[PDB]
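Just one chain follows, in the form deposited in one PDB entry, and it is written as structure tokens.
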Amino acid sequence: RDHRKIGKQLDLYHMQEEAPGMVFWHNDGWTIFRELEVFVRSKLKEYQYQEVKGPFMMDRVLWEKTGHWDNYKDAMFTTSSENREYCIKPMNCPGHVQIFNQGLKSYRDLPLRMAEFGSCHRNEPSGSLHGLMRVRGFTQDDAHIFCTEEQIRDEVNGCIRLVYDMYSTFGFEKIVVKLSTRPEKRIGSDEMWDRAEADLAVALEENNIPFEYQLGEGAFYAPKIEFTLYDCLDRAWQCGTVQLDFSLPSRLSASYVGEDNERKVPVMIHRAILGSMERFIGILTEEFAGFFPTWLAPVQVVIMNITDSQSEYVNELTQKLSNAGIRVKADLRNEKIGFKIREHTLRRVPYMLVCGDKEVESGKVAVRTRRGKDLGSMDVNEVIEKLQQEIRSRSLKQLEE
């Protein structure tokens, strides 16, 4: 039930000591990564988010300006070029503020929702690294919302709604919500922190979401609402987060022209719904015990013959399924049908199609699932249509399940 064990079994990824905390995504694991990206992008379109891409490294002087250098130095990778030192970004907020600062912004541009699948690199202590859940290089489903003070309630509510919307796709039953308050090392006045912490609490209360306080776990610039998911050992892992920030836009000279034609500093909301793709995939691997939902499965269908007599038929079906958009593979090895079924069941392939002379002649397929069920024979076109519905709807359950 360990995601590291399942990851090796399904050939999802590997790690080596030439790059501690750095993930080598194999073809099958990268497929899950990219499917989550498509799923997130469908939500970004629905909730009207921009998607951008910031540079990997920026000058150290900018990270000093944000207060990151003083409160985050130990976790930052640095490099140099031409007598100038750069920081590999551990966060995407300063890059998004730089994009916001291009061109004059007015209140008609707010709220401005700017998302990124941003690569973050943090020099986490090597003793704390754990599989995919704690790594040194990860990709956040990050976004930053620039808005007025009057828009805070609506935008924070939208982030909370998005969290439960996207978590419901995976059928999570245990979602623990925490409000992380000010840490010992922080910027911003006590009055600002009181307003920011109260705003997040009111938003949670308004949505009728029970939560507990997590004292001192907030960011150095803003408090956090934390959505916690649990692994196989029931250990708590922070995945969802929404942050209410009154300080960083001022530090980076972000401003917009208000209704009064007076210059105003926008409020910034930081949020990551999945958290990081690496940690969320690890949580998904242990939650499903490798039985990924069909829309997430690296290989959705395996088609396989009894002898050569059905080998040509299998190849035609694999091409037909592939043209229909289904991740399908052919297993034409000289092995017993039970041998093939057991191997691909270990690979957690959702559906295995068995082809004898009976099916070759009838144009049908014998259907078997990774759960050991025998679904019998039904027509190829019916199988295609049901699989497409299961994939497009991102259904959690298989056929007749």
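Rigid core: the largest C-alpha set superposing within 1.5 Å between the two forms. So that there is no doubt, residue numbering starts at 1 and follows the sequence shown.
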Segment of higher mean CA temperature factor, 63 to 71 or 353 to 361: 353 to 361
Average Cα temperature factor in the PDB entry - higher stretch of 275 to 283, 256 to 264: 256 to 264
Per the PDB entry, maximal CA B factor within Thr241, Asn207, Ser250, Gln98: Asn207
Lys8 - Cα temperature factor, lowest/middle/highest third of chain: lowest
B-factor third for the C-alpha atom of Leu162 within its chain: lowest
Modelled-residue ranking by C-alpha temperature factor, third containing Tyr313: highest
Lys320 - which third its CA temperature factor falls in, relative to the rest of the chain: middle
Relative C-alpha B-factor of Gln140, binned into the chain's lowest, middle or highest third: lowest
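Just so it is clear, the following notes concern the form deposited in another entry, a form of the same protein that is not shown.
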Core-superposed comparison between the shown form and the other one - Cα displaced by 2 angstroms or more, from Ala222, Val302, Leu229, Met268: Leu229
Cα-Cα trend for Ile391 and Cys232, given that in the other entry the distance shifts by 3 Å or more: closer
